[PDB]
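**Student:** PDB entry and its sequence, pasted below:
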Amino acid sequence: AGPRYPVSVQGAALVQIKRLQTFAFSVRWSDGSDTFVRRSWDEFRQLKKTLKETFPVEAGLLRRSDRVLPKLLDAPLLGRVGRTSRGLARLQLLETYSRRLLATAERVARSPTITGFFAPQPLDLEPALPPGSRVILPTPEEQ
């Protein structure tokens, strides 16, 4: 069966959206593919929730190989919250965390949920985002 799963994800970019900025990733998949995509922290929040719906593991009650989702590692809390700051924290955290997902569990790592998560986002499929948007770009690796 042809894999449709990223082997790795790297934090690709920042796009400025409302008091949540949206954060880009680049993931390249076992089929050899490479992708760079934009994501929201709010989008992640759905994404974590969404895996967690597929993974009852989160609390470790069900299994003993069960911390493989050690919930999420997070930097010092809030610091006057700062919604940007939480995206900012989340960017660093999320990349450790996503890297955990591609190592800390196989069972998470391919689940159909994985395929949705790394699948296209319309906002990634929009060449420009609203005028107030600032997009932070990595220097391209490919042509």
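**Tutor:** Now that the structure is in, tell me what you want to look at. Residues are numbered from 1 along each chain as shown.
**Student:** How many residues are close by residue 114?
**Tutor:** Other residues near residue 114 come to 19 when the count uses other CB atoms under 10 Å. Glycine gets a C-beta too; all of them are placed from N, C-alpha and C.
**Student:** now do residue 116
**Tutor:** Applying other CB under 10 Å, we find 12 residues neighbouring residue 116.
**Student:** Tell me which stretches of the protein form strands.
**Tutor:** For the chain, the strands defined by DSSP state E occupy 6-15, 22-29, 34-40, 135-136.
**Student:** any chance of those strands in JSON lines, with distance to residue 112 too?
**Tutor:** Below are these laid out as JSON lines (distance: least, CB to CB, whole Å):
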{"stretch": "strand 6-15", "distance to residue 112": "14"}
{"stretch": "strand 22-29", "distance to residue 112": "15"}
{"stretch": "strand 34-40", "distance to residue 112": "18"}
{"stretch": "strand 135-136", "distance to residue 112": "30"}
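**Student:** Would you convert these into a markdown table that also reports distance to residue 113 and mean neighbour count?
**Tutor:** Conversion of the strands of the chain to a markdown table gives the following (distance: least, CB to CB, whole Å; neighbours: other CB atoms under 10 Å):
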| stretch | distance to residue 113 | mean neighbour count |
| --- | --- | --- |
| strand 6-15 | 13 | 18 |
| strand 22-29 | 14 | 20 |
| strand 34-40 | 15 | 19 |
| strand 135-136 | 27 | 14 |
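**Student:** State the distance from the residue of the chain most remote from its centre to residue 101.
**Tutor:** In the chain, residue 64 marks the outermost C-alpha relative to the chain mean, sitting 25.6 Å out by CA atoms, centre = their mean. Distance of residue 64 to residue 101, given as CB to CB, to the nearest Å: 19 Å.
**Student:** What of residue 76?
**Tutor:** Computed as CB to CB, the residue 76 to residue 101 distance reads 23 Å.
**Student:** State the distance from the residue lying closest to residue 132 once chain neighbours are set aside to residue 129.
**Tutor:** With CB to CB, 6 or more residues apart in numbering as the criterion, residue 132 has its nearest non-adjacent residue at 7.4 Å, and that residue is residue 16. Distance of residue 16 to residue 129, given as CB to CB: 8 Å.
**Student:** Spit out the residues that contact the two alike.
**Tutor:** When contacts are counted by CB atoms under 8 Å, 6 or more residues apart in numbering, residue 16 and residue 129 are jointly contacted by 22, 135.
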